[PDB]
Ligand SMILES: O=c1[nH]cnc2c(CN(CCCP(=O)(O)O)CCCP(=O)(O)O)c[nH]c12
Ligand SMILES: O=c1[nH]cnc2c(CN(CCCP(=O)(O)O)CCCP(=O)(O)O)c[nH]c12
Ligand SMILES: O=c1[nH]cnc2c(CN(CCCP(=O)(O)O)CCCP(=O)(O)O)c[nH]c12
Ligand SMILES: O=c1[nH]cnc2c(CN(CCCP(=O)(O)O)CCCP(=O)(O)O)c[nH]c12
Ligand SMILES: [Mg+2]
Ligand SMILES: [Mg+2]
Ligand SMILES: [Mg+2]
Ligand SMILES: [Mg+2]
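Chains as they are written, first to last, in our numbering: chain A, -4 to 168; chain B, 91 to 262; chain C, -4 to 168; chain D, 91 to 262.
What follows is the structure, encoded as structure tokens:
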């Protein structure tokens, strides 16, 4: 949190926009013939930018909701802020910025599943298979990256760089 | 919500105090030799009073925590617990169980956090209106099909401060 | 949080019950001729036991509500859980377990005051004038104690002793 | 909530994108020489999209935080901020201001935490329905008295994902 560093571009703004466009088309095809109500659920705070760009590329009538989970050395996954709307009998797509361990995301899916939605999938922008500690079903993935320390596009470093339009790598000096 | 009514006594303060003492001895005897941390989890708002009196009758070192749930519809968490319950003996403390919809869903959520044991203690039980068969190990009173008030329990945000359990009787 | 210790009785269960009875009579006289709706507001978690005993000794029709404030090195006072009901045009009595610095309580009163209640008073069970860092108006006080490390009656020590029916002092060994 | 209607365009995506770029340069020029930490505070849910596009146009190192408020009645905090704002330049990011009741009360609450500066940036402003004179330093569009949807803003939880601002037109 307190180290001399700099930031290089890893995934340019244009690459993200192109990849999200594709994701939008995939998500659209998977839920266009569903009929039931659909809702995209974002995990604050990292997902807000990804959510904003993604939901615009989804050509299906859907709702947008958010929830906040507890961040932590091993502790219970607690809900700091639940969803505003109901999800039972609905198509729910959890929208994440990045999956590493998948601990929090695994628990969140369990909690949501109890509310018995019609379907329940996960869409993450970044994925680190390397750091996975729990196997979680992830239907849509934007980028698979090695264990690199990335920032930008909602992802922070000591609350910094959330507003970068590009995914960047931090170089410790 | 604005209906003319009266409140008759159903369970006097002395009866509650005595029954809670008994519940205390039973809860104590169950968890006294556990060797794992114990926590009483109250469901706000209606159970604050029951919780305060109950934990004072529980002669084992335990923690006290609270949780606020919502409402048919989905059961959402307005205020989650403050502390972890993983590997702990958890006792859910609820004021009253009518249908059991809320308890059922709250127990599910907490069970996901893998506590050593998960049990429920309710002051009032109204089995004539149960829709879901939830398992309760401690019950203070099984009551008739009456709309009860007092002791944390309210009627339109009214009567929570009554030291006794009463029943609402509407005028004709 | 990790020290060898023991607990002695400082304020017996019976003394608390007697003092709360008196508080109930005072509070009752101050608000019996008000007319407006009344609500007792408790600060979780320390206030739950004090709230339960106090509201029963208040012979005035009132509502009971709770809220949780952020606990922390100097940080913003944040609301982890707000009130469930409205308080504008009402007689509001904040119910606290203990006042030391009065930092959190001062901010909480400010936040609540913005909602424009008819009146706004504070009732605490214990008071340490010694440790006061901010001057806060406190209309009702159960006990004034010196700077002693107390537990019990909702007050904890590493989440312990909340359930003690008596106010106790911890003796570090 | 269940009324038959249509959605006509009021502000096209290109117009929003261009206007947000301008807002970006203005916000940047104001806070570029502050020397104090900056934070954009969004009011959920309706402002997530505006926030995402806006902060990408703000060329100063800042933090992004969110807050959920309620609704007449009292304005309560369902979800408070995650980080402190004391001694920081705070910019409240809101989707639309009709009456201004919520903004007015939210600004009051945040001001209590004594930030270095407290300002408001709204995408849409509908002054024909303002009940409280709240001070806004940045406004994307001042709009006619129409029920707008899209770009985070909803009609009965619908249309939040539209890349443009539209207006709801009921059928006769
Ligand atoms: O490369 C990173 N940059 C910044 N943060 C992180 C994290 C920690 N974490 C992000 C931080 C969450 P926050 O402190 O913003 O609430 C990712 C965990 C997602 P998962 O448990 O479901 O897999 C993991 N990797 C990174
Ligand atoms: O006899 C009763 N007296 C008063 N209330 C009730 C209820 C409803 N009450 C208890 C419901 C228990 P459930 O039927 O879910 O098993 C819910 C109120 C929660 P809130 O005040 O935070 O909104 C059910 N029965 C009674
Ligand atoms: O003697 C004590 N025992 C246990 N805790 C404490 C505290 C800390 N604090 C109690 C701990 C609050 P918690 O960590 O349970 O959320 C009292 C602050 C009240 P104020 O700021 O309005 O004056 C101060 N004194 C004691
Ligand atoms: O033109 C509009 N389109 C859509 N909605 C609105 C509103 C109400 N909308 C904005 C209110 C702003 P205010 O009038 O307080 O200045 C409140 C919805 C909050 P919620 O979705 O979390 O419950 C006011 N105007 C419009
Ligand atoms: Mg995330
Ligand atoms: Mg209950
Ligand atoms: Mg306190
Ligand atoms: Mg808004």
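Cβ atoms here follow ideal geometry from the backbone N, Cα and C, with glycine treated the same way.
(message) Using a Cβ-Cβ cutoff of less than 6 Å, which residues in the same chain neighbour residue 218 of chain D once the five nearest sequence positions on both sides are dropped?
(response) 235
(request) Assign residue 133 of chain C to one of three DSSP states: helix, strand, or coil. (result) coil
(request) Indicate whether at least one CB of chain D lies closer than 8 Å to the CB of residue 102 of chain C. (result) yes
(message) If the cut-off is 9 Å on Cβ atoms, which residues from the stretch 243 to 260 of chain B count as contacting chain C, listed in chain order?
(response) 244, 247, 248, 249, 250, 251, 252 and 253
(request) Have a look at residue 82 of chain A and residue 102 of chain A and give me their C-alpha separation to the nearest angstrom. (result) 17 Å
(request) For residue 128 of chain B, write down the residues that DSSP places opposite it in a beta bridge. (result) B:152 and B:179
(request) Check the Cβ-Cβ distances between residue 43 of chain C and every residue of chain B, and say whether any is below 8 Å. (result) yes
(message) Please list the terminal residues of the continuous beta strand (DSSP E) segment that includes residue 4 of chain C.
(response) 0 to 6
(message) Relative to the C-alpha of residue 224 of chain B, which candidate in B:92, B:187 and B:206 has its C-alpha closest?
(response) B:187
(message) ligand 3 and residue 87 of chain C: does the residue's C-beta get closer than 7 Å to at least one heavy atom of that ligand?
(response) no
(message) Short of 6 Å in beta carbon distance, which residues of its chain neighbour residue 146 of chain A, apart from the five on each side in sequence? Order them along the chain.
(response) 152, 156, 163 and 165
(request) Closer than 8 Å by C-beta to residue 167 of chain D: which residues in its own chain qualify, once you throw out the five before and the five after it? Chain order, please. (result) 157, 158, 159, 160 and 199
(request) Can you tell me which of the three DSSP states residue 237 of chain D falls into? (result) coil
(message) Could you compute how far the alpha carbon of residue 112 of chain A sits from the alpha carbon of residue 115 of chain B?
(response) 42 Å
(message) So, with DSSP's three-state summary, where would you put residue 112 of chain B?
(response) helix
(message) Assuming contact is defined by CB atoms lying nearer than 8 Å, are residue 153 of chain D and residue 113 of chain D in contact in what I supplied?
(response) no
(message) Taking 8 Å as the threshold (beta carbon to beta carbon), is residue 107 of chain D in contact with chain A?
(response) no
(message) Within a Cβ cutoff of 6 Å, which residues of the same chain sit near residue 97 of chain C, ignoring the five residues on either side of it in sequence?
(response) 127, 129 and 131
(message) The beta strand (DSSP E) that contains residue 119 of chain A, what's its start and end?
(response) 114 to 122
(message) Are the CB atoms of residue 172 of chain D and residue 128 of chain D within a distance shorter than 8 Å?
(response) no
(message) Going by DSSP, what residue range makes up the beta strand (DSSP E) through residue 165 of chain C?
(response) 162 to 167
(request) Using a threshold of 8 Å, state whether the C-beta atoms of residue 138 of chain B and residue 43 of chain C are closer than that. (result) yes
(request) For the stretch 196 to 212 of chain B, enumerate the residues whose C-beta is nearer than 8 Å to any C-beta of chain A, in chain order. (result) 198, 199, 202 and 203
(message) Please report the distance separating the alpha-carbon of residue 253 of chain D from that of residue 241 of chain D.
(response) 6 Å
(request) Have a look at the DSSP bridge pairing and note the partners of residue 231 of chain B. (result) B:214
(request) Could you tell me the boundaries of the beta strand (DSSP E) in which residue 167 of chain D lies? (result) 167 to 169
(message) When you compare the CB of residue 176 of chain D with every CB in chain E, is at least one pair closer than 8 Å?
(response) Of the protein chains in the structure, A, B, C and D, none is chain E.
(message) Just checking residue 189 of chain D against ligand 4 - is the residue's beta carbon closer than 7 Å to any of the ligand's heavy atoms?
(response) yes
(message) Check for me: the alpha helix (DSSP H) holding residue 104 of chain A runs from which residue to which?
(response) 98 to 108
(request) Determine the burial state of residue 141 of chain D: buried for a count of at least 16 other Cβ atoms within 10 Å of its Cβ, exposed for fewer. (result) buried
(request) With DSSP as the reference, please indicate the residues paired to residue 252 of chain B in a beta bridge. (result) For residue 252 of chain B, which the question treats as bridged, DSSP gives no partner whatsoever.
(request) Measure the beta-carbon distance from residue 35 of chain A to residue 90 of chain A and round it to whole angstroms, keeping in mind my assumption that it falls under 8 Å. (result) 5 Å
(message) Against chain A, with Cβ distances strictly below 8 Å, would residue 127 of chain B count as a contact?
(response) no
(request) Check distances from the C-beta atoms of the stretch 44 to 59 of chain A to those of chain D and list, in chain order, the residues that come in under 8 Å. (result) 44, 46, 47, 48, 50, 51, 53, 56, 57, 58 and 59
(request) Specify the secondary structure class of residue 47 of chain C as computed by DSSP and reduced to three states. (result) helix
(request) Check whether the Cβ of residue 106 of chain A sits closer than 7 Å to any heavy atom of ligand 5, and report yes or no. (result) no
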